[PDB]
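J.: Have a look at this one.
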Amino acid sequence: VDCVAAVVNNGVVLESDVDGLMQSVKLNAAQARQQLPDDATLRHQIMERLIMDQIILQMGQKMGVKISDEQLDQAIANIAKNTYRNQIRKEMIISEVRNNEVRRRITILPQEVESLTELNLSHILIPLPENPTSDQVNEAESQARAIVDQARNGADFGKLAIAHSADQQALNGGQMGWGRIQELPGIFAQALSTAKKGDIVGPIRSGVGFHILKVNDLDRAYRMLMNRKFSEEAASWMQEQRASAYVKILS
Amino acid sequence: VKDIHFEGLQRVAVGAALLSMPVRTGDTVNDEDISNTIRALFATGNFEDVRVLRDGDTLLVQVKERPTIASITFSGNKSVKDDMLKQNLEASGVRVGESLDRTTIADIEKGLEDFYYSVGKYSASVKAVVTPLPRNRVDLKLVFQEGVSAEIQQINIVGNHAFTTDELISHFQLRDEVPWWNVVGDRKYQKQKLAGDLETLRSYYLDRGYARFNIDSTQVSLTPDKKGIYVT
Amino acid sequence: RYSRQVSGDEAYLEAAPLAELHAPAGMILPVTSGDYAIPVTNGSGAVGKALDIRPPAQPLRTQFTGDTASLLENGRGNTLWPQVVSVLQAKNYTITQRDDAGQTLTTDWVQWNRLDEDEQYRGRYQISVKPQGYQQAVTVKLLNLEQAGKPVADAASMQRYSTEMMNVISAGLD
Amino acid sequence: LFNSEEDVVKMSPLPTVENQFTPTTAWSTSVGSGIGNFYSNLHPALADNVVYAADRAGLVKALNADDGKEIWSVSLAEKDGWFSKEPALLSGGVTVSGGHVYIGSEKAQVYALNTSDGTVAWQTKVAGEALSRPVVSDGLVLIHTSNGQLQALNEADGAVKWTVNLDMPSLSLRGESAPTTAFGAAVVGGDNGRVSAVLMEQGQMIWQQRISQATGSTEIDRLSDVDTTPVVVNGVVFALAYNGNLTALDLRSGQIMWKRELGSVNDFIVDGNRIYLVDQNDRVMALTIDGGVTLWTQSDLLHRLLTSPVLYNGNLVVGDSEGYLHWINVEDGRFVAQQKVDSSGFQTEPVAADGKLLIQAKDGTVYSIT
Amino acid sequence: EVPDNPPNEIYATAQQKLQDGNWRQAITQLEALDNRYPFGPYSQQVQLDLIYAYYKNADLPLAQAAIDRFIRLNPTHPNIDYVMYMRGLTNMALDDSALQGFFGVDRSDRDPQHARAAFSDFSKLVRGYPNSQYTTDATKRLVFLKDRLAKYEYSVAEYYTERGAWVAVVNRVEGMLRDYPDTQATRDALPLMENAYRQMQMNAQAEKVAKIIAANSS
C-alpha cells in the first residue's frame with residue numbers, strides 16, 4: 001500500500017520513502033545509542049522532512065547538471081570503516097544545488113574589511129513563518145520556555161531534539177560538531193558569554209524561529225565568517241522556499 | 001503479470017495510460033519497480049491521485065481523474081466586460097475544455113490583477129472558486145473586487161510668467177476638480193490623454209506668438225497609496 | 001420540403017449560351033484578362049432543386065472511402081463478428097442470409113432506412129466479410145445495389161449515406 | 001460623493017489596546033488648516049525651545065514650546081504675481097540652520113526666512129518643483145527636486161552653487177528623497193533606483209550603485225525607485241528601494257555587504273545595532289547591522305497607511321491614517337498603548353528632537369504627546 | 001438553460017431536430033455543444049451541420065464567419081468542395097431583396113459587389129475540383145453571374161451615353177471587350193462605342209468598330 005502521502009506541486013510524497021527514512025534513522029539511533037523516540041510525532045516529522053526534500057528537489061533538480069558517482073563510491077568506501085545506493089546519491093545532488101544556491105544569494109566582501117575554541121553544541125528550530133499566521137510566536141514562546149526548562153531538568157537529548165524541530169541535522173540530535181565563537185551566527189555572542197557546559201541556555205529570538213542551544217562540549221578568517229554566514233542565509237532561504245509552496249496532506 | 005486495468009478512465013485513452021508507464025506485462029514486480037512506475041504515472045501530470053494497493057490477487061490500480069473546465073464566470077467585474085476576460089484566459093492557456101491546473105490558480109489571479117493594472121484599479125483582489133460537476137468536470141467562479149481606482153489630485157504646471165495656471169488647466173481634458181453642483185466627469189487618468197493635453201497646451205502658448213516655447217518635460221507620479229495621482 | 005434543396009430561386013437555368021465574338025479581317029480583338037473565364041468540365045451533375053444540399057455524413061478504423069468499409073488493431077477481432085451479431089440480433093434487429101463466422105463473412109440483408117426528411121425506405125445490403133488487413137482481425141462491409149424509392153439508384157451522395165447508417169451504428173456499439 | 005459608486009476596500013481591524021500607561025495631548029495648539037488629501041512632507045521643526053510649522057496655504061507659525069502660545073505668524077502667500085493673492089503651495093519640509101529657516105514649495109521657489117522676527121531672508125528659483133526637505137551642511141543647502149536635478153544654494157545669501165543631473169523613469173513615485181552629508185560627501189537616492197554619493201563644493205559625482213530587483217513580472221507598475229533618506233552611521237550607508245533591496249555599504253566608496261527583498265518609502269531608524277522600519281504593505285520589521293539578518297517582524301496591522309516610525313523614550317511610535325498612534329515595544333513588537341488622539345488622521349513624519357514629541361495632523365493642527 | 005449532457009445524446013437530438021425541420025433550437029443546441037466541446041471528434045461534422053443550418057435560416061453573415069473559420073482550421077479537409085460551394089451559394093443569395101423580384105424589376109444594375117465575390121468563389125471551386133459533385137450547377141450559376149455583371153456594365157455605359165461623356169463610355173465599352181467578350185451585353189453595346197467615336201469625329205476608328213459590329217450581325 002505505497003500510496004501518495006501528500007500533494008507537492010508536480011511530484012508526490014510516497015510511503016516507501018518515509019518507511020526508508022524511519023528505518024534509517026531508527027537503525028542509526030540503535031547503533032549510536034541515541035534514544036529511540038516514540039513514533040507519535042516521528043511519523044509526521046519524517047513526512048515533513050520528505051516534503052521539504054521534494055520541494056527543494058523540484059527547485060534545482062529540474063535545473064543544474066546532476067552529479068558524478070565514482071566520487072560517491074570513493075567517499076562511501078572511505079566512510080565504510082542497489083536500494084541503499086539510491087539514497088546515497090540523492091543527498092549529494094540535493095546538497096549540491098543547496099550548497100550552490102545559497103552561495104549565489106549571499107555576496108562576500110574581502111575579509112580585510114572585517115579585521116581579523118572548538119565547541120560541540122546542538123540546535124533546535126521552531127518553524128515560524130514570515131508572519132505568525134496563527135500567532136504561533138505566542139505559543140512558540142511558551143513551548144520554547146517549557147522545553148528549555150525540561151532540558152535543564154535532565155531529560156534525554158535525542159528525544160527533545162527529535163520532538164518538533166525543523167532543520168536537517170535534527171534527526172541525529174542536531175549536533176553541529178566542533179564550532180568556535182566566530183563560526184556561529186552573529187546573534188550568539190551574548191549566548192556563548194552567558195553559557196556553560198551542560199547548563200541551560202535561553203531560547204533566542206529570530207525571524208526563522210527560536211533556537212535551543214545546549215553546550216555539549218567545552219585565510220582562516222574567510223571560513224571563520226563563511227560558516228556562520230552560510231548558516232543564516234541558508235536557513236532564511238530554505239524557510240522562504242518552503243513558505244512559497246503548495247503542499248496538501250493526503251490521508 | 002496477469003491482469004492490468006485502471007479506474008476512472010472516463011476520458012482517458014487506455015493506450016496512452018499503458019504506454020506511459022514502463023511495465024506492461026511479463027516483467028517482475030517488486031516494491032521499487034511499482035513505486036517507480038507510480039512516479040511515472042504522474043510524469044505527465046494528467047492525474048491527481050494514483051496509488052498501488054496490497055492484494056494477493058493479480059494487480060489493480062486506483063486512479064482519480066483531473067477535472068476539465070466546463071465554464072468560466074467573472075462575477076464582480078463592475079467596470080469591464082466578461083468577453084475580454086475570457087480572451088485573456090484564452091491566451092493564458094486556460095481555454096475552456098482543459099484540465100484545471102490547481103497549481104496555477106495564484107498565477108491566474110495575479111495575471112488578472114495585472115490586467116486591472118491597465119484600467120487604473122490597483123487595490124483589486126480576485127478570488128477563484130472551484131465547483132466540481134458530474135462526469136468529473138469543473139466550473140470556475142472568478143470573484144473580482146475592484147476596490148478604488150486612481151484619482152487625479154492636482155495638475156501642476158510650473159514655470160510661467162504670462163498666464164495663470166488655472167487659465168491653462170481650464171482647457172485640458174483631464175480634470176483635477178469638478179464643481180460640487182454638477183456631475184459631468186471624473187478624474188480618471190488615461191495614458192493617451194496626456195499627449196493630447198500637451199499638444200493642446202503647446203497650441204495655447206504658441207498660437208499667440210510664443211514661438212520658442214517648448215516642453216522641458218512631463219512628470220506623472222503615483223502616491224504610494226494608489227488613490228492620488230500628480231501631474232507636472 | 002425545404003430540407004434538401006437550394007433556395008427557391010431557379011431562374012438561372014434558362015441562361016442564354018455564350019456566343020464568342022468573331023474577329024473581322026484587318027484587325028483583331030483586344031487582350032483578355034482571364035479573371036472572368038469559364039472552363040469546360042464533365043457534365044452529369046444534379047442541377048436546380050435536384051441537387052442534394054445536405055451536409056455529408058462523416059463516419060464516427062472509420063473508413064470513409066466510398067463503399068470501402070473495412071475497419072481494422074484489436075487482438076480480439078474474431079469476437080467482434082459475434083459482437084456485430086449482437087447488433088444484428090438486437091439493435092437494428094436485422095439478420096444475415098449467409099453469415100459465415102470462421103470465414104467471418106456475413107451477408108446482412110437489405111435494411112429499411114427511414115429517418116424523417118420525407119425519405120423513402122432504403123434497402124441496403126453489405127458484404128460483412130471480415131478481413132485481416134494491415135492489423136489484427138479486421139471487418140469489412142462492401143455494399144451493393146440499393147433500392148430506396150426507385151428500383152435501384154446509386155448516386156454518389158446517397159452511397160455515402162447508405163454506408164453511413166451501418167458506419168454510425170457499427171462504430172456506435174462495437 | 002463618488003465613494004458611493006464604489007465598493008468599500010478591505011482594511012485590517014485594530015488590535016487590542018491594553019494601555020499600560022496613558023499619555024495625553026500636551027497642547028492642541030492650532031496651526032492653520034491641514035494638508036488634506038494632498039501627499040506632502042511638511043513636518044514642523046524644533047529649535048531652541050520653539051516650534052516652527054506651516055500649511056499649504058502659506059501661513060507659517062513660530063510658536064512657544066511647552067504651551068500652545070503663538071509667538072508669531074506670517075502669511076507667505078504670493079502677493080506679487082498675476083493677482084497678488086495666488087496660493088503659496090508649500091510642500092518642502094521645514095529646515096532650521098542657525099537663525100534661519102528654509103522652506104520648499106511645489107512651485108520651484110525656495111524661501112529662506114529669518115527667525116525671531118518673521119522677516120523674510122530671500123527667495124530663490126530652483127529647477128523643477130521642490131518636494132524634498134532641504135538639508136543644510138557646510139554653509140550650503142541641498143534640495144532634491146521632483147525633476148531629477150539635485151541643487152545647492154549658498155547658505156548665507158542663496159545662490160545656485162552647483163547642480164547634479166539624475167535620471168527619471170516614466171511612472172516613478174514622488175521624488176521625495178533627502179540626501180545626507182558625511183565627510184564632505186552627499187549621498188542621495190534618485191527615482192532611477194540607483195543611489196549616488198557625490199563630492200561637494202564642485203558637483204563631482206563620486207560613485208553610483210544600482211539597487212533594484214529584476215524587471216518584475218511585467219513593465220506595468222513594479223516601480224524600482226528609491227526615495228527614503230539613506231542613513232550613514234559608523235561609516236556605513238543604508239538605502240532601501242520600493243520593491244526594495246536593503247543595501248548597506250561602506251562610506252569610502254565601499255561596496256554592498258548584503259541585500260534583502262524588502263522595500264518601503266517610509267524612513268528607517270538605526271540605533272545601536274538595530275534597524276527599525278515599517279515597509280510597504282505596512283508591516284514593522286526590526287533587524288541587525290552586523291549582517292542585516294531579520295530579528296523580528298510584525299504584521300498585525302496591514303495597509304493601515306502608517307507614518308515613518310520614530311523612537312521615543314525606549315519604544316517606537318507610529319502614526320496611522322485613522323489618527324490612531326501606536327507604541328511598539330523595542331523587544332517582541334508588543335504593543336504598549338493605542339492613542340485615539342485625533343480624528344483627522346496622521347500623515348506627516350513625526351519629530352523627537354527632545355524628550356517632547358510633536359506630530360502634525362494631516363487635515364488639522366499639530367499635537368504634543370507626553 | 002441547456003444541461004451539460006454527454007455529446008452522444010446532444011448530437012442525437014441535434015440530428016433528429018434538424019431532420020424535423022425546426023431550426024431555432026437546432027442552431028441553439030449546435031452552438032451550445034460546439035462551444036462546450038471544441039475538441040471532440042464531432043467538430044468536423046458539427047461545423048458542417050452548422051453551416052447548413054445558418055444557410056437555411058438566412059443568417060448569412062454568421063454563415064460566412066463560420067465558413068471562414070472552417071476553411072481556416074482544416075484547409076485540406078477531404079470534403080471541402082461542399083463548403084466552398086456553400087460559400088459561393090450564400091454569397092450569391094445574399095444579393096436578393098425578395099421584393100424587387102416580386103414586382104419583376106431586374107436587379108442587374110444594383111450593387112454588384114456580392115456577384116463578383118460569388119463569381120470568384122465558384123471559379124475557384126471549378127478550378128480546383130473539376131471532378132466533384134458540384135460542377136454543372138457551378139457552371140450554370142457562373143454563367144448567370146457573368147451575364148449579370150455584363151448587364152451592369154452596359155447599364156453604366158448607357159447612362160454615360162445619355163449624359164454625353166463619350167470618353168467614359170469609350171473606356172467602359174473597351175473594358176467590356178477586354179473582360180466580357182462573350183456575352184450579349186457587349187454585342188448590344190458596340191453601337192454605343194461607334195456612336196462615341198463618331199461624336200468626337202474620331203471616325204477613323206468608327207469605321208473599324210463598324211466592321212466589328214457588321215461582321216457578326218447574323
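Chain labels run A, B, ... following the order of the C-alpha cells; each chain numbers its residues from 1, and ligands are numbered from 1 in the order shown.
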Just the residues within 10 Å of residue 129 (chain E), please, counting only C-alpha atoms, with nothing from its chain fewer than 6 positions along; format it as a list in words.

T.: residues 41 of chain C; 80, 81, 123 and 135 of chain E

J.: Run DSSP on the backbone and grab whatever in region 6-228 of chain B lands in strand (DSSP E); send it over as number ranges by chain.

T.: B: 47-52, 61-65, 68-73, 124-133, 137-146, 151-155, 220-222, 228

J.: What gap, in Å, lies between CA of residue 78 (chain E) and CA of residue 166 (chain C)?

T.: 20.8 Å

J.: Kindly indicate which residue among D:103, D:318, D:120, D:295 lies nearest to residue 204 (chain A), using only C-alpha atoms for the distances.

T.: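 Using only C-alpha atoms, residue 204 (chain A) sits closest to D:295.
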
J.: Rounded to one decimal place, report the CA of residue 130 (chain C)-CA of residue 103 (chain C) distance in Å.

T.: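 Computing it gives 7.6 Å between the two atoms.
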
J.: Pull out every residue of chain A that has at least one atom within 9 Å of chain D, counting only C-alpha atoms, and report them as a PDB file with C-alpha atoms, in the first residue's frame.

T.:
ATOM      1  CA  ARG A 105      22.251  34.721  -2.855  1.00  0.00           C
ATOM      2  CA  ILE A 106      24.968  35.872  -0.444  1.00  0.00           C
ATOM      3  CA  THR A 107      27.735  38.189  -1.620  1.00  0.00           C
ATOM      4  CA  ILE A 108      31.130  38.368   0.083  1.00  0.00           C
ATOM      5  CA  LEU A 109      33.404  41.382   0.593  1.00  0.00           C
ATOM      6  CA  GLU A 130       7.219  35.047   7.514  1.00  0.00           C
ATOM      7  CA  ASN A 131       4.392  36.313   9.796  1.00  0.00           C
ATOM      8  CA  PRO A 132       2.756  34.316  12.666  1.00  0.00           C
ATOM      9  CA  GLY A 186      26.102  36.824  14.886  1.00  0.00           C
ATOM     10  CA  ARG A 205      14.591  35.351  19.006  1.00  0.00           C
ATOM     11  CA  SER A 206      14.955  35.104  15.240  1.00  0.00           C
ATOM     12  CA  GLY A 207      12.968  35.530  12.061  1.00  0.00           C
ATOM     13  CA  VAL A 208      13.184  31.845  11.148  1.00  0.00           C
ATOM     14  CA  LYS A 229      27.049  33.451   7.125  1.00  0.00           C
ATOM     15  CA  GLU A 232      21.873  32.274   8.471  1.00  0.00           C
ATOM     16  CA  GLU A 233      21.392  32.793   4.740  1.00  0.00           C
ATOM     17  CA  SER A 236      16.421  32.032   5.596  1.00  0.00           C
TER      18      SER A 236
END

J.: Identify every residue of chain E that has at least one atom within 7 Å of any atom of chain C, counting only C-alpha atoms, and report the result as a PyMOL selection string.

T.: chain E and resi 19-20+45+48-49+52+130+133-137+140-141+144+178-179+181-183+211-212+215-216

J.: Skip region 48-61 of chain B itself and residues of its chain fewer than 2 positions away, then list as JSON, numbers by chain all residues within 8 Å of it, counting only C-alpha atoms.

T.: {"A": [1, 2, 3, 4], "B": [1, 2, 3, 4, 5, 6, 7, 34, 38, 41, 42, 45, 46, 63, 64, 65, 66]}

J.: With N, CA and C atoms retained, export the selected residues as a PDB file, in the first residue's frame.

T.:
ATOM      1  N   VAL A   1       0.829  -1.198   0.000  1.00  0.00           N
ATOM      2  CA  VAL A   1       0.000   0.000   0.000  1.00  0.00           C
ATOM      3  C   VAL A   1       0.870   1.257   0.000  1.00  0.00           C
ATOM      4  N   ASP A   2       1.761   1.357  -0.988  1.00  0.00           N
ATOM      5  CA  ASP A   2       2.594   2.547  -1.166  1.00  0.00           C
ATOM      6  C   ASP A   2       1.783   3.590  -1.931  1.00  0.00           C
ATOM      7  N   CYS A   3       0.910   4.272  -1.198  1.00  0.00           N
ATOM      8  CA  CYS A   3       0.097   5.343  -1.749  1.00  0.00           C
ATOM      9  C   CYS A   3       0.879   6.656  -1.688  1.00  0.00           C
ATOM     10  N   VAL A   4       0.227   7.757  -2.048  1.00  0.00           N
ATOM     11  CA  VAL A   4       0.834   9.082  -2.012  1.00  0.00           C
ATOM     12  C   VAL A   4       0.441   9.752  -0.700  1.00  0.00           C
TER      13      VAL A   4
ATOM     14  N   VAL B   1       2.951 -10.891 -14.963  1.00  0.00           N
ATOM     15  CA  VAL B   1       1.785 -10.030 -14.821  1.00  0.00           C
ATOM     16  C   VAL B   1       0.578 -10.677 -15.487  1.00  0.00           C
ATOM     17  N   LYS B   2      -0.525 -10.779 -14.745  1.00  0.00           N
ATOM     18  CA  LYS B   2      -1.731 -11.447 -15.226  1.00  0.00           C
ATOM     19  C   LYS B   2      -2.782 -10.463 -15.730  1.00  0.00           C
ATOM     20  N   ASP B   3      -3.230  -9.545 -14.875  1.00  0.00           N
ATOM     21  CA  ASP B   3      -4.318  -8.637 -15.213  1.00  0.00           C
ATOM     22  C   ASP B   3      -3.934  -7.209 -14.860  1.00  0.00           C
ATOM     23  N   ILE B   4      -4.211  -6.284 -15.776  1.00  0.00           N
ATOM     24  CA  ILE B   4      -3.998  -4.858 -15.550  1.00  0.00           C
ATOM     25  C   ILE B   4      -5.221  -4.094 -16.040  1.00  0.00           C
ATOM     26  N   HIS B   5      -5.705  -3.165 -15.219  1.00  0.00           N
ATOM     27  CA  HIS B   5      -6.813  -2.301 -15.604  1.00  0.00           C
ATOM     28  C   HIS B   5      -6.815  -1.088 -14.687  1.00  0.00           C
ATOM     29  N   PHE B   6      -7.337   0.019 -15.204  1.00  0.00           N
ATOM     30  CA  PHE B   6      -7.312   1.290 -14.497  1.00  0.00           C
ATOM     31  C   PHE B   6      -8.727   1.761 -14.198  1.00  0.00           C
ATOM     32  N   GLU B   7      -8.864   2.478 -13.093  1.00  0.00           N
ATOM     33  CA  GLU B   7     -10.133   3.072 -12.711  1.00  0.00           C
ATOM     34  C   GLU B   7     -10.208   4.515 -13.193  1.00  0.00           C
ATOM     35  N   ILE B  34       7.300  -0.993  -8.787  1.00  0.00           N
ATOM     36  CA  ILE B  34       5.942  -0.458  -8.778  1.00  0.00           C
ATOM     37  C   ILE B  34       5.950   0.995  -8.318  1.00  0.00           C
ATOM     38  N   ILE B  38       4.636   4.113 -10.493  1.00  0.00           N
ATOM     39  CA  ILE B  38       3.685   5.063  -9.917  1.00  0.00           C
ATOM     40  C   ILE B  38       4.186   6.487 -10.108  1.00  0.00           C
ATOM     41  N   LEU B  41       3.554   7.484 -13.546  1.00  0.00           N
ATOM     42  CA  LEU B  41       2.168   7.835 -13.839  1.00  0.00           C
ATOM     43  C   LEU B  41       1.951   9.340 -13.744  1.00  0.00           C
ATOM     44  N   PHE B  42       2.475   9.965 -12.692  1.00  0.00           N
ATOM     45  CA  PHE B  42       2.393  11.412 -12.554  1.00  0.00           C
ATOM     46  C   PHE B  42       3.372  12.148 -13.454  1.00  0.00           C
ATOM     47  N   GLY B  45       1.501  14.380 -15.406  1.00  0.00           N
ATOM     48  CA  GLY B  45       0.722  15.279 -14.588  1.00  0.00           C
ATOM     49  C   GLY B  45      -0.769  15.204 -14.818  1.00  0.00           C
ATOM     50  N   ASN B  46      -1.221  14.339 -15.718  1.00  0.00           N
ATOM     51  CA  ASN B  46      -2.623  14.230 -16.081  1.00  0.00           C
ATOM     52  C   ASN B  46      -3.463  13.538 -15.015  1.00  0.00           C
ATOM     53  N   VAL B  63      -7.073   5.212  -9.693  1.00  0.00           N
ATOM     54  CA  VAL B  63      -6.747   6.449 -10.398  1.00  0.00           C
ATOM     55  C   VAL B  63      -7.891   7.439 -10.213  1.00  0.00           C
ATOM     56  N   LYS B  64      -7.545   8.702  -9.964  1.00  0.00           N
ATOM     57  CA  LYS B  64      -8.504   9.797  -9.903  1.00  0.00           C
ATOM     58  C   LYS B  64      -8.201  10.781 -11.026  1.00  0.00           C
ATOM     59  N   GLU B  65      -9.241  11.187 -11.750  1.00  0.00           N
ATOM     60  CA  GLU B  65      -9.088  11.941 -12.987  1.00  0.00           C
ATOM     61  C   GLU B  65      -9.058  13.441 -12.725  1.00  0.00           C
ATOM     62  N   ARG B  66      -8.194  14.139 -13.453  1.00  0.00           N
ATOM     63  CA  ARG B  66      -8.150  15.592 -13.368  1.00  0.00           C
ATOM     64  C   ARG B  66      -9.419  16.186 -13.967  1.00  0.00           C
TER      65      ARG B  66
END

J.: Can you pull out every residue within 12 Å of region 191-195 of chain E, counting only C-alpha atoms, but drop anything in the same chain fewer than 3 positions away, and send it as a PyMOL selection string?

T.: chain E and resi 154-162+164-177+185-188+198-214+217

J.: For the residues in the current selection, export C-alpha atoms as a PDB file, in the first residue's frame.

T.:
ATOM      1  CA  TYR E 154     -23.847  48.041 -70.046  1.00  0.00           C
ATOM      2  CA  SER E 155     -26.153  49.952 -67.711  1.00  0.00           C
ATOM      3  CA  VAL E 156     -23.387  52.322 -66.641  1.00  0.00           C
ATOM      4  CA  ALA E 157     -22.194  52.815 -70.213  1.00  0.00           C
ATOM      5  CA  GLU E 158     -25.729  53.517 -71.383  1.00  0.00           C
ATOM      6  CA  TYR E 159     -26.223  56.180 -68.736  1.00  0.00           C
ATOM      7  CA  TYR E 160     -22.987  57.878 -69.708  1.00  0.00           C
ATOM      8  CA  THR E 161     -24.307  57.888 -73.262  1.00  0.00           C
ATOM      9  CA  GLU E 162     -27.440  59.687 -72.105  1.00  0.00           C
ATOM     10  CA  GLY E 164     -22.871  62.707 -73.086  1.00  0.00           C
ATOM     11  CA  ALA E 165     -19.448  61.931 -71.620  1.00  0.00           C
ATOM     12  CA  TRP E 166     -18.043  60.000 -74.541  1.00  0.00           C
ATOM     13  CA  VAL E 167     -14.544  59.321 -73.197  1.00  0.00           C
ATOM     14  CA  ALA E 168     -16.139  57.476 -70.287  1.00  0.00           C
ATOM     15  CA  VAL E 169     -18.396  55.379 -72.498  1.00  0.00           C
ATOM     16  CA  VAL E 170     -15.457  54.558 -74.769  1.00  0.00           C
ATOM     17  CA  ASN E 171     -13.441  53.321 -71.805  1.00  0.00           C
ATOM     18  CA  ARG E 172     -16.365  51.360 -70.388  1.00  0.00           C
ATOM     19  CA  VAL E 173     -17.142  49.515 -73.612  1.00  0.00           C
ATOM     20  CA  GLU E 174     -13.416  48.855 -74.059  1.00  0.00           C
ATOM     21  CA  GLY E 175     -13.373  47.286 -70.602  1.00  0.00           C
ATOM     22  CA  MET E 176     -16.399  45.254 -71.652  1.00  0.00           C
ATOM     23  CA  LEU E 177     -14.462  43.981 -74.647  1.00  0.00           C
ATOM     24  CA  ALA E 185     -24.369  42.874 -73.428  1.00  0.00           C
ATOM     25  CA  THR E 186     -21.150  43.694 -75.280  1.00  0.00           C
ATOM     26  CA  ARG E 187     -22.771  42.775 -78.592  1.00  0.00           C
ATOM     27  CA  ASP E 188     -25.539  45.251 -77.837  1.00  0.00           C
ATOM     28  CA  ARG E 198     -18.389  59.355 -84.320  1.00  0.00           C
ATOM     29  CA  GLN E 199     -19.180  62.030 -81.728  1.00  0.00           C
ATOM     30  CA  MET E 200     -15.659  63.396 -81.316  1.00  0.00           C
ATOM     31  CA  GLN E 201     -15.154  62.913 -85.077  1.00  0.00           C
ATOM     32  CA  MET E 202     -12.520  60.277 -84.343  1.00  0.00           C
ATOM     33  CA  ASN E 203     -14.372  58.410 -87.063  1.00  0.00           C
ATOM     34  CA  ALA E 204     -11.205  56.732 -88.360  1.00  0.00           C
ATOM     35  CA  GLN E 205     -11.854  54.109 -85.696  1.00  0.00           C
ATOM     36  CA  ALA E 206     -15.603  54.464 -86.135  1.00  0.00           C
ATOM     37  CA  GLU E 207     -15.437  52.522 -89.369  1.00  0.00           C
ATOM     38  CA  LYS E 208     -13.279  49.895 -87.639  1.00  0.00           C
ATOM     39  CA  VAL E 209     -15.868  49.359 -84.921  1.00  0.00           C
ATOM     40  CA  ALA E 210     -18.471  49.461 -87.699  1.00  0.00           C
ATOM     41  CA  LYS E 211     -16.859  46.398 -89.260  1.00  0.00           C
ATOM     42  CA  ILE E 212     -16.703  44.872 -85.784  1.00  0.00           C
ATOM     43  CA  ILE E 213     -20.465  45.268 -85.449  1.00  0.00           C
ATOM     44  CA  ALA E 214     -21.379  44.306 -89.007  1.00  0.00           C
ATOM     45  CA  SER E 217     -24.734  40.820 -87.471  1.00  0.00           C
TER      46      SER E 217
END

J.: Just asking: which residues within region 55-241 of chain A are alpha helix (DSSP H) according to DSSP, as number ranges by chain?

T.: A: 55-61, 70-80, 84-105, 136-153, 157-164, 189-193, 220-241

J.: Enumerate as a short mmCIF file (atom, residue, chain, number, x, y, z; two decimals) with N, CA, C and O atoms, in the first residue's frame the residues belonging to chain B that approach chain D to within 6 Å, with only C-alpha atoms taken into account.

T.:
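New file iface.cif:
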data_model
loop_
_atom_site.label_atom_id
_atom_site.label_comp_id
_atom_site.auth_asym_id
_atom_site.auth_seq_id
_atom_site.Cartn_x
_atom_site.Cartn_y
_atom_site.Cartn_z
N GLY B 147 -11.54 47.69 -5.86
CA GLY B 147 -11.76 48.50 -4.68
C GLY B 147 -11.92 49.98 -4.96
O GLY B 147 -13.03 50.51 -4.91
N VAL B 220 4.53 62.20 -14.44
CA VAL B 220 3.36 61.56 -13.84
C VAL B 220 3.84 60.76 -12.64
O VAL B 220 4.74 59.92 -12.76
N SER B 221 3.28 61.06 -11.48
CA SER B 221 3.73 60.48 -10.22
C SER B 221 2.56 59.83 -9.50
O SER B 221 1.45 60.38 -9.48
N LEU B 222 2.82 58.68 -8.90
CA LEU B 222 1.83 57.95 -8.14
C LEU B 222 2.17 58.07 -6.66
O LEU B 222 3.32 57.87 -6.27
#

J.: Name all residues at most 12 Å from residue 48 (chain D) (count only C-alpha atoms; drop same-chain ones fewer than 5 positions away) and give them as a list in words.

T.: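 Selected residues are residues 62, 63, 64, 65, 66, 96, 97, 98, 99, 115, 116, 353 and 354 of chain D.
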
J.: For chain B versus chain E, which residues have an atom no more than 9 Å away, and what is each residue's nearest atom pair and distance in Å rounded to one decimal, using only C-alpha atoms, chain-then-number order, as a Markdown table?

T.:
| residue | atom | partner | partner_atom | distance |
| --- | --- | --- | --- | --- |
| B:70 | CA | E:36 | CA | 6.9 |
| B:71 | CA | E:36 | CA | 8.0 |
| B:96 | CA | E:36 | CA | 7.7 |
| B:97 | CA | E:37 | CA | 6.5 |
| B:134 | CA | E:4 | CA | 8.7 |
| B:135 | CA | E:6 | CA | 8.7 |

J.: Save out the residues we just selected, N, CA, C and O atoms, as a PDB file, in the first residue's frame.

T.:
ATOM      1  N   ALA B  70     -15.578  23.286 -17.550  1.00  0.00           N
ATOM      2  CA  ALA B  70     -16.841  23.344 -18.271  1.00  0.00           C
ATOM      3  C   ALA B  70     -17.241  24.764 -18.635  1.00  0.00           C
ATOM      4  O   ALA B  70     -17.738  24.995 -19.738  1.00  0.00           O
ATOM      5  N   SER B  71     -17.034  25.719 -17.734  1.00  0.00           N
ATOM      6  CA  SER B  71     -17.390  27.106 -17.992  1.00  0.00           C
ATOM      7  C   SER B  71     -16.578  27.999 -17.066  1.00  0.00           C
ATOM      8  O   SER B  71     -15.960  27.535 -16.106  1.00  0.00           O
ATOM      9  N   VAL B  96     -11.405  27.082 -22.123  1.00  0.00           N
ATOM     10  CA  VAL B  96     -12.443  26.200 -21.605  1.00  0.00           C
ATOM     11  C   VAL B  96     -12.348  24.854 -22.306  1.00  0.00           C
ATOM     12  O   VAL B  96     -12.182  24.777 -23.530  1.00  0.00           O
ATOM     13  N   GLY B  97     -12.416  23.783 -21.524  1.00  0.00           N
ATOM     14  CA  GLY B  97     -12.200  22.459 -22.063  1.00  0.00           C
ATOM     15  C   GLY B  97     -10.772  21.993 -21.877  1.00  0.00           C
ATOM     16  O   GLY B  97     -10.204  21.338 -22.756  1.00  0.00           O
ATOM     17  N   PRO B 134     -20.759  16.892 -12.477  1.00  0.00           N
ATOM     18  CA  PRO B 134     -20.840  15.487 -12.888  1.00  0.00           C
ATOM     19  C   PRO B 134     -19.982  15.216 -14.113  1.00  0.00           C
ATOM     20  O   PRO B 134     -19.575  16.128 -14.833  1.00  0.00           O
ATOM     21  N   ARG B 135     -19.700  13.930 -14.331  1.00  0.00           N
ATOM     22  CA  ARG B 135     -18.736  13.459 -15.322  1.00  0.00           C
ATOM     23  C   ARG B 135     -17.323  13.911 -14.976  1.00  0.00           C
ATOM     24  O   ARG B 135     -16.418  13.838 -15.814  1.00  0.00           O
TER      25      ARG B 135
END

J.: Excluding same-chain residues fewer than 4 positions from residue 158 (chain A), what lies within 12 Å of it counting only C-alpha atoms, as an NGL selection string?

T.: :A and (25-26 or 28-30 or 32-38 or 122-124 or 151 or 162-165 or 169-175 or 214)

J.: If we count only C-alpha atoms and set the cut-off at 9 Å, which residues sit around region 115-121 of chain A, ignoring sequence neighbours fewer than 6 positions away in its own chain? Please answer as a ChimeraX atom specification.

T.: /A:174-181,213-218,221
